[PDB]
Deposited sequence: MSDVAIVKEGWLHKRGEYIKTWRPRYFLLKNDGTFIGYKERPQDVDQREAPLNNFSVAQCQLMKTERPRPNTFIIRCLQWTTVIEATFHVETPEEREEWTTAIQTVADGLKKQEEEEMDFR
């Protein structure tokens, strides 16, 4: 029963270039977070938000949020900008709710085996 939770345009900072480009992202309730060059082609970005930490910053762009994940030895970061703080709150709340549901599932599978 995997379904889209939230979708929309985000300004994503490149991990390589560090410039900002618009990407159309869809978040699903299983943690899938997929980003396209055009509103729906293979996606340009594809990663799970399970076990992510969300951070907010105002520099260099206001209304920035960062999704940070620790996987083996690597830190994955994804940096996004939206035009208003309200939109940032909408995205970070949606991502956090999905991540929290996945964490509950993880606890039910891993605790007291």
inquiry  = Please give the gaps, as residue ranges numbered from 1 in the deposited sequence, where no C-alpha is present.
reply    = 1-2, 43-48
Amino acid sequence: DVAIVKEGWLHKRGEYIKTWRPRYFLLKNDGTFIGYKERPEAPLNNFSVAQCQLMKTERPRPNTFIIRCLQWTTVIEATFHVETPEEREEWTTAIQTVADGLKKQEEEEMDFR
From here on, numbers count along this sequence of modelled residues.
inquiry  = When the Cα temperature factors in the entry are averaged, is it 101-109 or 12-20 that ends up higher?
reply    = 12-20
remark   = For 75-83 versus 61-69, entry-based mean Cα B-factors point to 75-83
ask   = Lowest, middle or highest third: where is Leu54 by C-alpha B factor in its chain?
value = lowest
key: Cα B factor band for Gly35 (lowest, middle or highest third within the chain)   = lowest
task = Classify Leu27 as lowest, middle or highest third according to the C-alpha B-factor given in the PDB entry, relative to its own chain.
result = lowest
